[PDB]
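First the structure, in the form of structure tokens, and then the observations on it.
In the entry's author numbering, the protein residues as written are 9 to 30, 50 to 181, 185 to 322, 328 to 573.
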């Protein structure tokens, strides 16, 4: 690994170099939105699920497509019409600073204990499985790195470069794995061979018999808790959805949303697939003996970093470099968000009402360090959790359904009051907890749907019995010509729905048609990334 460390250092220096040396069309809005899902923690996490469950986990992304249509057509026009740039701003304009403060405490907790803890672990597993450094040291190394971008770190070209090497890295890793499965029959045999070896890894809707049903409960993927997961993700937290939109015409950006929805169908063929390939190889004793740090059920996320080691000499350095840079960039981004929420919504609001921006930034840097040391002390415990994506899923859900109910009712239910919103969001936590800690043997996704419903009922009754007036004064009232979308968006919307129908039916209907789906899907993602970067250069 002489050229390997030499190549790595060149990429790592270029990435740091481009940083120091430093309107929107529909296709840029699309690429920009989907890019968030093309991340190191996503390759590692989604492969872990691809290894443990398989393709059934493409449901998060595939259902994001239909979520994006809804978000674009309904959620967004209200944000533009009522002149909103951030979510906390929407909380303040529809409800109150008290609710905003309650939600801030939930979000900080989520970033520290769920989000950051995960990235440190998923990145820390990658360096361990590639470099050889133990986890405790490996996580700390990334933490010491993120701290540098934090205190002294204080951004577009680096993202375009980063996405490119993660995409290419993913593709190369798949081609290497699948050709190794095919042997002397080429890559084509391997795709067909992996679908023959693990048909259960290409199954979209899970049976109760399946041990993984507890994670993805069958049809609830089309009609249940996954809607809680996606609407919270795309519909509200996405500050980027409003942000990348106030970057042209609404009509144009809706074209972007629908484009991001189409690109959401391709992403699992890049991030999930390596994990399935890893499973197929791992489970073959002839293929294992051929080779001479393995993904296991308890260490599913070792799948993608395990395959990348098998990579050729120049190629290994670059792919590894991109992942490490991506993990660090993801940590810095998360650390900033946690710090801004604390400084703005907690510090400035309560501790020192008029600090001034200069003080606030220094306060934020202190907040980032604290959050990092806390997340860094927790992250080693996430070691045998199996699938980290499921951990990210389950514990965001302790708070995604409550917060999603306040948001959906604020957006649509004119009657919703702050008193209701606060009463329900608070009640949402003991309820959600009751469902996990109670011996009910209920899938978390199932719990999430119940938590949402419970909150909606609580906020609805509370607001009905407390709101003196009919519509809350802060109640959003715009409607009808607000939701109009052009025929281009609509034909694209119908297309994505018709594709999703086929995607969930293809294996059942024709198991031999799945080979075309794995190939065309993976191919569209590569061609799609290279072409979109090329027009971005123009």
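Backbone N, C-alpha and C fix where the C-beta goes; we use that ideal spot for every residue, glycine too.
Residue environment, residue i, which counts as buried when at least 16 other CB atoms sit within 10 Å
{"i": "residue 7", "result": "Missing from the structure shown is residue 7; the chain here goes from 9 to 573 and no further."}
{"i": "residue 108", "result": "exposed"}
{"i": "residue 125", "result": "exposed"}
{"i": "residue 435", "result": "buried"}
{"i": "residue 257", "result": "buried"}
{"i": "residue 112", "result": "exposed"}
{"i": "residue 231", "result": "buried"}
{"i": "residue 325", "result": "Since the model of the chain includes 322 and then 328 but nothing between them, residue 325 has no atomic positions to report."}
{"i": "residue 507", "result": "buried"}
{"i": "residue 542", "result": "buried"}
{"i": "residue 29", "result": "exposed"}
{"i": "residue 316", "result": "exposed"}
{"i": "residue 9", "result": "exposed"}
{"i": "residue 328", "result": "exposed"}
Beta-carbon contacts of residue i that lie in its chain and below 6 Å, excluding the five residues immediately before and after
{"i": "residue 433", "result": "467"}
{"i": "residue 482", "result": "470"}
{"i": "residue 426", "result": "420"}
{"i": "residue 143", "result": "369, 410"}
{"i": "residue 351", "result": "12"}
{"i": "residue 422", "result": "75, 76, 79, 335"}
{"i": "residue 194", "result": "568"}
Contact set for residue i: own chain, Cβ-Cβ below 8 Å, skip 5 residues either direction
{"i": "residue 277", "result": "50, 51, 56, 283"}
{"i": "residue 504", "result": "none"}
Assumed close pair residue i, residue j - CB separation to whole angstroms, cut-off 8 Å
{"i": "residue 177", "j": "residue 321", "result": "Residue 177 to residue 321, Cβ: 40 Å. No contact."}
{"i": "residue 78", "j": "residue 309", "result": "5 Å"}
{"i": "residue 512", "j": "residue 451", "result": "Contact doesn't hold; Cβ gap of about 12 Å is too wide."}
{"i": "residue 63", "j": "residue 270", "result": "7 Å"}
{"i": "residue 135", "j": "residue 224", "result": "So it is not a contact: roughly 42 Å between Cβ atoms."}
{"i": "residue 293", "j": "residue 61", "result": "4 Å"}
{"i": "residue 157", "j": "residue 428", "result": "About 26 Å; that fails the 8 Å criterion."}
Cβ shell of residue i (< 7 Å), same chain only, five flanking positions each side left out
{"i": "residue 101", "result": "518"}
{"i": "residue 330", "result": "78, 308, 312, 337, 338, 341"}
{"i": "residue 348", "result": "11, 12"}
{"i": "residue 326", "result": "A gap in the chain, from 322 straight to 328, means residue 326 has no coordinates in the model shown."}
{"i": "residue 114", "result": "266, 267, 269"}
Beta-carbon proximity of residue i to residue j, cut-off 8 Å
{"i": "residue 409", "j": "residue 139", "result": "yes"}
{"i": "residue 539", "j": "residue 318", "result": "no"}
{"i": "residue 155", "j": "residue 145", "result": "no"}
{"i": "residue 298", "j": "residue 203", "result": "no"}
{"i": "residue 493", "j": "residue 458", "result": "yes"}
{"i": "residue 84", "j": "residue 246", "result": "yes"}
{"i": "residue 296", "j": "residue 99", "result": "no"}
{"i": "residue 68", "j": "residue 364", "result": "no"}
{"i": "residue 534", "j": "residue 490", "result": "no"}
{"i": "residue 367", "j": "residue 20", "result": "no"}
{"i": "residue 65", "j": "residue 196", "result": "yes"}
{"i": "residue 185", "j": "residue 25", "result": "no"}
beta-carbon residue i near the ligand GDP non-hydrogen atom, thresh 7 Å
{"i": "residue 102", "result": "Of the ligands one can find in the structure shown there are none, so the ligand GDP has no counterpart to examine."}
Kindly confirm or deny that the segment 556-571 and the segment 128-136 touch, where touching means at least three C-beta pairs closer than 8 Å.
no
Check whether the segment 68-87 and the segment 329-348 touch, using three or more Cβ-Cβ pairs below 8 Å as the test.
yes
Any contact of the segment 396-411 with the segment 367-380, i.e. 3+ C-beta pairs under 8 Å?
yes
Check whether the segment 436-450 touches the segment 89-96, taking contact to mean three or more Cβ pairs, one atom from each stretch, closer than 8 Å.
no
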